[PDB]
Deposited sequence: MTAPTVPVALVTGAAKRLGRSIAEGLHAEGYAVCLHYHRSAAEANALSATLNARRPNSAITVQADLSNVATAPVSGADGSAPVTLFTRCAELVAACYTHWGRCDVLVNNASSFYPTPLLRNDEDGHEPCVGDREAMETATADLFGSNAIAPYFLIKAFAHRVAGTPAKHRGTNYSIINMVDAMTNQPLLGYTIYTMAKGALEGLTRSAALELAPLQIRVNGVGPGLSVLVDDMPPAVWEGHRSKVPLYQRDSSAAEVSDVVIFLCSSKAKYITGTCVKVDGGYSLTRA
């Protein structure tokens, strides 16, 4: 029985990925920051379906130190991975899904806002994933060959549309670019350990409708395939496949799940 660690697993795409992996037989460590209620509800559902098949761990993945000597992001990430080993004695899959997403305009309080966004946006999207991957790899390396799993797989949730930047989201876009870099670098360095590292990049998935219906419909209408945003499963299914043994030759690449959105022009 393999174990998967999914960050930001409480709702939306994170939950779908956790459910997807759980359906495949994985025990799942559900990470969360502020959504304790949803995360615990998910753990309860999964555990009821299969005893001892889900746990939850809380952690701010922003690049800042927390209250205990202050606790660093790295430590917090190492503990995330450790929680898996302590509870199930293993960690086969890591999905870097947690991510902050808000505007950081270059054009037009301001001090803490700019410094907090950087740590938050870059922490969740890039730096935490880096430390998490490091911790994940250190545990595999420290495991005697004969006792290692046969299918280690790390999935980085990237973004199919960052090459056509979203106006006013520079830091987020930068962090995603860094995450793409982490995928390529990690794949290469971790190859000898047979740890595959790939990226999955959604375009528009379960789009939040905090706007006039016509503006919500207009956005969806842009996606060439189906003229709609995707469902959570339409993304998570791809994540699950990349984690399957049938994908054991794939590493260091990205799979876009955008219904052709990245093919469009203004």
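Comparing the deposited sequence with the modelled residues shows gaps at 1 to 5, 74 to 80, 121 to 130, with numbering starting at 1.
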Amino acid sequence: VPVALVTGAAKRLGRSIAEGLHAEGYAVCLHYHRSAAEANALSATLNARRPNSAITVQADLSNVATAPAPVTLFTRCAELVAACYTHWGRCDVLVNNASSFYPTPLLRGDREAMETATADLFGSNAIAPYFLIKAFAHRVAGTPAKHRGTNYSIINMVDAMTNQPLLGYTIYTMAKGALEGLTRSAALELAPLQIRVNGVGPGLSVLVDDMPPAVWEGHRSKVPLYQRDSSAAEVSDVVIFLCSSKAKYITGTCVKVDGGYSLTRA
From here on, numbers count along this sequence of modelled residues.
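Modelling of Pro70 is complete across the other compared entries in which both of its neighbours are modelled; not even a third of them leave it out. Of the other structures of this protein that model both sides of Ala37, every one gives it coordinates; not a third omit it. The stretch 205 to 213 shows the higher mean C-alpha B-factor when 22 to 30 is compared against 205 to 213 in the entry. Comparing 59 to 67 with 226 to 234, the stretch with the higher mean C-alpha B-factor in the PDB entry is 59 to 67.
The entry lists C-alpha B-factors for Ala128, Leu193, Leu80, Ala175, and the highest of these is at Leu80.
Based on the entry's C-alpha B-factors, the most elevated value among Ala117, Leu94, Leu166, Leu179 belongs to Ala117. Ranked by Cα temperature factor within the chain, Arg184 sits in the lowest third according to the deposited record. Sort the chain's modelled residues by C-alpha temperature factor and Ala141 lands in the highest third, per the entry. When the CA B factors of the chain's modelled residues are split into thirds, the value for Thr253 lands in the highest one. Sort the chain's modelled residues by C-alpha temperature factor and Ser124 lands in the middle third, per the entry. Split the chain's modelled residues into thirds by C-alpha temperature factor. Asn40 is in the highest one.
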